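For the sequence shown, position 111 (counting from the first letter as 1) is numbered 399 according to the numbering used here, and the numbering increases by one without interruption. For every residue, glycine included, the Cβ atom is placed at its ideal position computed from N, Cα and C.
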Amino acid sequence: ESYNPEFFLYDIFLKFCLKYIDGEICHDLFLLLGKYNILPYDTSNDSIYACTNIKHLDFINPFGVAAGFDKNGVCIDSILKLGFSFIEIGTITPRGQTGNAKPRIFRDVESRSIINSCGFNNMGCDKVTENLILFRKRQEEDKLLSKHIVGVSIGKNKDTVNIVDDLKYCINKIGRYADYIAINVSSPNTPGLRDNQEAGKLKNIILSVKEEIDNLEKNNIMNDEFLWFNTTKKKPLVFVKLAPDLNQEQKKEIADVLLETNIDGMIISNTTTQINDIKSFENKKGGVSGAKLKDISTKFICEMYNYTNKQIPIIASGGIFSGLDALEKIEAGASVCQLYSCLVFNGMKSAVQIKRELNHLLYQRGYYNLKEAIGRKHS
Ligand SMILES: Cc1cc2nc3c(=O)[nH]c(=O)nc-3n(C[C@H](O)[C@H](O)[C@H](O)COP(=O)(O)O)c2cc1C
Ligand SMILES: O=C(NCC(c1ccccc1)c1ccccc1)c1nsnc1O
Ligand SMILES: O=C(O)c1cc(=O)[nH]c(=O)[nH]1
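The structure is reproduced here in C-alpha cells:
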C-alpha cells in the first residue's frame, strides 16, 4: 500500500535524507515526483467539525501548505492530495530570479528547525501563471479538487525600486486565478523588503493592491469568459504576511492600518532573524523556521488578535507540528493553519497525522467544532 501517506518506508527514507542529503536537493526531488503523480495521497474524509472559513473561503480542513514550498506552482495537485485543504504558491515576482547562492537551506533535526536564505527564487509571474492556469483546468474536471483553495504570495524582484509596481504587475497577470493574494512584506532575504511594514508604506501598499484588484474586476467582468477562474469564483481576498521581528509600537501601528484598509486577513508570521542559539546554524544567514519559532509566532498572534480588536482573521504560520500546536494557534486567534517545517521533519504523513490529532483534541477539550475554539484563549 505505497499510496498511503503513512506507509512505513517513507519515514525511513526521510530520516536518511535529513541526515545525509542537501536540504534543497531533497525538496527538488519531492517536487519532481509530484509532477508525475506518484506521491502517496490521503483518501480520508475530513471531519466537517474541523472545517473553517475566512469570509467566503471555505476550508475543508484547517491545514494548508505555507508559501515557498511550491514557489512555482508545479506541484499543486500532489501536495493538496496529501490531505491539505489549501496551498499558498509563491512567493512570485514579475521577472524570474535564481535567488541567492546555494547551498542556502539547512535543517537541524534535533531542534526541528530550518534556516534559509533563498531570496525569492521563482520562474517569474508569467510562467507561474501558466502553471496555475494548468491546475485550474485540471481542477475543473477533477471534482475531487473542486473545493481546494490556492492563494498566491506576491513580492518584488530584488532590484525593483517601487514595490507597488511589482505587486500591481502580479495582480494583473495572476490575480484572476487566485482565491486570495498574500502580500509578502516580510521575507528577511530580499534587502529592504521589511521596511515596507512601516505604517505609511504598508497602508499605501494595501490600498494600491486592493485598487488594482478592484480595477481588474471593473474592467473585465463584462467579458464573455468569466473573470474569476479560481475556486471561489469571486475576486481574490487580500492578506498581508508579517515578520515576527517587530517591536510593540510597530505592531500596534500596523494593526491600526490593517483596520483602516480592511485587509481580509493577516498571515502570522514569516521566519525570524532573532534566533542564534542553534550551533549548527551559527555561521548561517537568513530566516529561521520550525519549533524554535512556535512560541514567538503564537504570542505574536495573541498581540495582533487584540491589537486589531479581533476584527481581522488570522492565518497561523510558525512551528506547527502537532495537533496541540495547531490548537494553541487557533485558541490564540488563528482561523486556519499553514505548515512548512512539519512537512520537512514529519514527511508524507504530515497532514493525515495532524488532522487526526486535532480531531481527538477537539473531543478531549469539549469543543463542538473548530470554529468554537477560535480566539478562546481571550475569553
Ligand atoms: C526554504 C523556505 C522557503 C520559504 N519561502 C517563502 C516564500 O517564498 N514566501 C513566504 O511568504 N514565506 C516563505 N517561507 C516561510 C514559510 O512560509 C513559513 O512562514 C515559515 O517556514 C514558518 O513556518 P514553519 O515554522 O512551519 O516552517 C519559506 C520557508 C522556508 C524554510
Ligand atoms: O529534507 C527535506 N525534505 C525531505 C523530503 C523527503 C521526503 C520523503 C523521503 C525523503 C525525503 C521531503 C520533501 C517534501 C516534503 C516532506 C519531505 C527538506 N529540507 S529543506 N526543504 C525540504 O523539503
Ligand atoms: O525566498 C525566500 O528567501 C524567503 C521568503 C520568505 O518570505 N520567507 C523565508 O523564510 N524565505
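Could you name the residues of the same chain whose beta carbon sits closer than 8 Å to that of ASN564, not counting the 5 residues immediately before and after it, in chain order?
Indexing the sequence shown from 1 puts residue 564 at position 276. Answer for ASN564: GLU570, listed in chain order.
Which residues bound the beta strand (DSSP E) around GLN626?
Mapped onto the sequence shown, residue 626 falls at position 338. That run of the beta strand (DSSP E) goes 622 to 627.
Kindly list the residues whose CB is nearer than 8 Å to the CB of residue 255, restricted to its own chain and excluding five residues on each side of it in sequence; keep chain order.
Only positions 289 to 667 of the chain appear in this structure, which leaves residue 255 out of reach.
Which of the three DSSP states, helix, strand or coil, is assigned to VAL528?
Working through the sequence shown from its first residue, we reach residue 528 at position 240. Three-state result, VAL528: strand.
Give a yes or no on contact between the stretch 342 to 356 and the stretch 515 to 529, applying the rule of three or more CB pairs nearer than 8 Å.
Result yes; three or more Cβ-Cβ pairs closer than 8 Å.
Locate the beta strand (DSSP E) running through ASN564, then write down its first and last residues.
Here residue 564 refers to the residue found at position 276 of the sequence shown. Run containing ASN564: none; DSSP gives neither H nor E here.
Work out the CA separation of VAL449 and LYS643 for me, nearest whole Å.
As a working mapping, residue 643 is identified with position 355 in the sequence shown. As a working mapping, residue 449 is identified with position 161 in the sequence shown. Each residue's alpha carbon lies about 43 Å from the other.
Enumerated in chain order, which unbroken segments of the beta strand (DSSP E) with a length of 3 residues or greater are wholly contained in the stretch 501 to 552?
DSSP runs (the beta strand (DSSP E)) wholly in the stretch 501 to 552: 525 to 530.
Under 7 Å Cβ to Cβ from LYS598, same chain only, skipping five residues before and after it: list those, please.
Here residue 598 refers to the residue found at position 310 when the sequence shown is read from its first residue. Hits under 7 Å: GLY663.
Does ligand 3 have even one heavy atom less than 6 Å from the beta-carbon of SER401?
Locating residue 401 in the sequence shown gives position 113, counting from the first residue. Outside the cutoff, so no.
In its own chain, which residues sit with a C-beta less than 6 Å from the C-beta of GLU500, not counting the 5 before and 5 after it?
Within the sequence shown, the letter at position 212 stands for residue 500. The residues are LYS456, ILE459.
For the candidate residues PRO532, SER434, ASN511, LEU547, whose alpha-carbon lies nearest to that of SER605?
Along the sequence shown, one-based indexing puts residue 605 at 317. Of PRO532, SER434, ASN511, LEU547, the residue nearest in Cα terms is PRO532.
With three or more beta-carbon pairs closer than 8 Å as the criterion, would you say the stretch 536 to 547 touches the stretch 356 to 374?
Flag = no, the stretch 536 to 547 and the stretch 356 to 374 do not touch.
May I ask which residues mark the beginning and end of the beta strand (DSSP E) holding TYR651?
As a first step, residue 651 must be located in the sequence shown, where it is residue number 363. That residue, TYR651, is in no beta strand (DSSP E); its alpha helix (DSSP H) goes 638 to 652.
Quick check: is any heavy atom of ligand 2 less than 6 Å from the C-beta of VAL632?
Taking the first residue of the sequence shown as position 1, residue 632 is located at position 344. Correct: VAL632 has its Cβ closer than 6 Å to ligand 2.
State yes or no: is the C-beta of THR586 within less than 7 Å of the C-beta of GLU616?
As a working note, residue 586 is residue 298 in the sequence shown. As a working note, residue 616 is residue 328 in the sequence shown. Yes. Within cutoff.
Can you tell me whether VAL438 is helix, strand or coil according to DSSP?
Stepping through the sequence shown from its first residue, residue 438 is reached at position 150. Looking at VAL438 - three-state DSSP - the assignment turns out to be strand.
Starting from the N-terminal side, write out each stretch of the beta strand (DSSP E) that is 3 residues or longer and does not extend beyond the stretch 338 to 393.
Qualifying beta strand (DSSP E) stretches, in chain order: 340 to 342, 345 to 347, 351 to 353, 374 to 380.
On a Cα-Cα basis, can you pick out the residue from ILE600, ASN445, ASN518 that is closest to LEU433?
Stepping through the sequence shown from its first residue, residue 433 is reached at position 145. Closest option to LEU433, Cα to Cα, is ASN518.
For the alpha helix (DSSP H) that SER585 lies in, which residues bound it at each end?
Position 297 of the sequence shown holds residue 585. Residues 582 to 595.
Identify which residue in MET411, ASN388, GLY407 has its Cα closest to the Cα of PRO382.
In the sequence shown, residue 382 corresponds to position 94, counting from 1. Of the listed residues, the one whose Cα sits closest to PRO382 is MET411.
Using the C-alpha atoms, what's the distance from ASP512 back to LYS539?
Translated into positions along the sequence shown, residue 539 becomes position 251. Translated into positions along the sequence shown, residue 512 becomes position 224. Spanning the two alpha carbons is a distance of roughly 44 Å.
Which same chain residues, not among the five before or five after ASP334, have their C-beta less than 6 Å away from its C-beta?
To locate residue 334, count along the sequence shown from 1; it is residue 46. Excluding sequence neighbours, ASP334 sits near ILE348, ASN349.
Ignore the nearest five residues each way along the sequence and tell me which others in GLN562's own chain have a CB closer than 7 Å to its CB.
Working through the sequence shown from its first residue, we reach residue 562 at position 274. Within the same chain, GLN562 has close Cβ partners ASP533.
Hey, how far is the Cα of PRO479 from the Cα of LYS444?
To locate residue 479, count along the sequence shown from 1; it is residue 191. To locate residue 444, count along the sequence shown from 1; it is residue 156. Going from the Cα of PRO479 to the Cα of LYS444 covers about 11 Å.
Leaving out five residues on either side along the sequence, give the residues of the same chain with a beta carbon under 8 Å from the beta carbon of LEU658.
Within the sequence shown, the letter at position 370 stands for residue 658. If we look at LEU658 and ignore the five residues flanking it on each side, its Cβ neighbours are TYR337, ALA338, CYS339, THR340, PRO350, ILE618, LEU646, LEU650.
When you measure from the CB of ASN484 to every non-hydrogen atom of ligand 3, does any distance come out below 6 Å?
Residue numbering aside, residue 484 sits at position 196 when the sequence shown is read from its first letter. No, ligand 3 has no heavy atom inside 6 Å of this Cβ.
I need the DSSP call for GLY575, collapsed to helix, strand or coil.
Locating residue 575 in the sequence shown gives position 287, where the first residue counts as 1. Correct three-state label for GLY575: strand.
Alpha helix (DSSP H) containing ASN404: first to last residue?
As a first step, residue 404 must be located in the sequence shown, where it is residue number 116. Where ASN404 is concerned, there is no enclosing alpha helix (DSSP H), although the beta strand (DSSP E) it sits in stretches over 401 to 404.
Along the chain, where does the beta strand (DSSP E) that runs through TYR468 open and close?
For the purposes of this step, residue 468 is taken as residue 180 along the sequence shown, with counting starting at 1. Taken as a continuous stretch (DSSP letters only), the beta strand (DSSP E) holding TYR468 covers 468 to 472.
Excluding the five sequence neighbours on either side, which residues of its own chain have a C-beta within less than 7 Å of the C-beta of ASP613, listed in chain order?
Residue numbering aside, residue 613 sits at position 325 when the sequence shown is read from its first letter. Excluding residues within five positions, the ones whose Cβ falls inside 7 Å are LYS582, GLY607.
What's the gap between the Cα of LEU481 and the Cα of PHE374?
In the sequence shown, residue 481 corresponds to position 193, counting from 1. In the sequence shown, residue 374 corresponds to position 86, counting from 1. Each residue's alpha carbon lies about 26 Å from the other.
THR559: beta carbon under 6 Å from a heavy atom of ligand 1?
Within the sequence shown, the letter at position 271 stands for residue 559. Yes, since a heavy atom of ligand 1 falls inside the 6 Å radius drawn around the Cβ of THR559.
What residue does the beta strand (DSSP E) around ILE602 start on, and which one ends it?
The count along the sequence shown starts at 1 and reaches residue 602 at position 314. Per DSSP, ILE602 belongs to the beta strand (DSSP E) from 602 to 605.
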